[PDB]
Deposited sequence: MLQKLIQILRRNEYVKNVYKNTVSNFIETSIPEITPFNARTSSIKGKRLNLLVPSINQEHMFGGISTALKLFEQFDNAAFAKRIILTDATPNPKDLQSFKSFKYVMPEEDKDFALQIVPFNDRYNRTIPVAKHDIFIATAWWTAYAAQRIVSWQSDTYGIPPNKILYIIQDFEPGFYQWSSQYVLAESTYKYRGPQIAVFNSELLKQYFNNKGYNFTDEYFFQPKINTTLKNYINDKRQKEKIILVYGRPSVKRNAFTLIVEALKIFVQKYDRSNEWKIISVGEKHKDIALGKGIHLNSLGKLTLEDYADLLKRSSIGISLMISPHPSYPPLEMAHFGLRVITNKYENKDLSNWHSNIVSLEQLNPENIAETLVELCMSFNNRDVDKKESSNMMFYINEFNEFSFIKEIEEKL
């Protein structure tokens, strides 16, 4: 590897557009790639007064399948080579070599992935020089401490460097926890906003149903997403099955991402349900009594919160300032994170099978948007 793909040059060119225009930089809008980060961004982006700003979504990594584009029927799919002043448009800019995208004097950028912010910051430099204007504010939607997605390496420092950008930048953090993490690490931004976690609307509709608890250990398993420590969980499970004589009594189920069923010993298996429908998921939550869900990151994830609010005792990990055991009584946070300690806690909870919340906000968002709009 000679180059660094994430930072392939983002070539801009002059545009005649005189009005303001919000530009959302996202890697993809494909339903396949449609994970929580981009969907949250899109949700947030939707909040901007469409009458005060033109909106352009710029795809940086993946071109849409015609099916994917049906979720954006009000948007005009325009090639990077065109310069139309549509009020709503999408431009594919992943195949980007020797091509350019039009950037107006008052084009304002909203970054998501660290590398979209890397590009944005370089665009604001070019913008400022070509138009002879003060650098425009960048809107940075920070979903995680993304350098953590990489081992110490080129990508790590480049990802981080986007936080060290000295230009005008407004940070919008996913959760207050994340915001605080950044503050402790000493990062500075022109302005800091954050949006708190909020229960999925469909799920809330079930949160009051009568629950007939069974002996089910529900695992949030995603082999693909290292942050979720799938293998660590599997290891702890293997120990649990061995060091607990009443293990045979329990069903262990994996949800989140489809995977092969995994033998834990004694004929017991971790059975994968994959990504259940919100309804099925809600049902399973009501019947389940113990939950394991890990997120190696300062930012809170949803599953530990959902499980807890459905009456599960949830085993989860602490990460620096993140300690969910203070959010809800049902959550237990392990300080020493190894298979042995998980397996042990798992035994204690099973034996416990034979309340209090400090995160009221979770069950009733982008109020700041309006305020942010007045700074651009």
Sequence order list of spans that the model leaves without C-alpha positions, deposited numbering: 1 to 27, 382 to 388, 399 to 401
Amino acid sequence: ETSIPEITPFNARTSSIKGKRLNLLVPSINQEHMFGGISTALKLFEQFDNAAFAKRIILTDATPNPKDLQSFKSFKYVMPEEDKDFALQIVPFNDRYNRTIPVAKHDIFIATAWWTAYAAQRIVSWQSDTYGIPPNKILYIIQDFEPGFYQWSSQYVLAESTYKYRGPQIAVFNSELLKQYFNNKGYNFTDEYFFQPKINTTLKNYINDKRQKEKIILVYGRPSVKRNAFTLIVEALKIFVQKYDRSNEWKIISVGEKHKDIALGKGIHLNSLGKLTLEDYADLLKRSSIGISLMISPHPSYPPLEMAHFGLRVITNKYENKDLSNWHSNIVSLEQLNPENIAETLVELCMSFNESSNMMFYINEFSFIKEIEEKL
From here on, numbers count along this sequence of modelled residues.
Per the entry, higher mean C-alpha B factor between 195 to 203 and 170 to 178: 195 to 203
156 to 164 versus 136 to 144 - which carries the larger mean C-alpha B factor in the record: 136 to 144
Highest recorded Cα temperature factor - choice among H33, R313, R56, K318: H33
Selection by C-alpha B-factor (highest) of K258, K238, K251, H106: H106
CA B-factor ranking of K67, expressed as a third of its chain: highest
Chain third (lowest, middle, highest) by recorded CA B-factor, residue given as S329: middle
Lowest, middle or highest third - CA B-factor, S352: highest
Chain third (lowest, middle, highest) by recorded CA B-factor, residue given as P304: lowest
Chain-wide C-alpha B factor ranking for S289, given as lowest, middle or highest third: middle
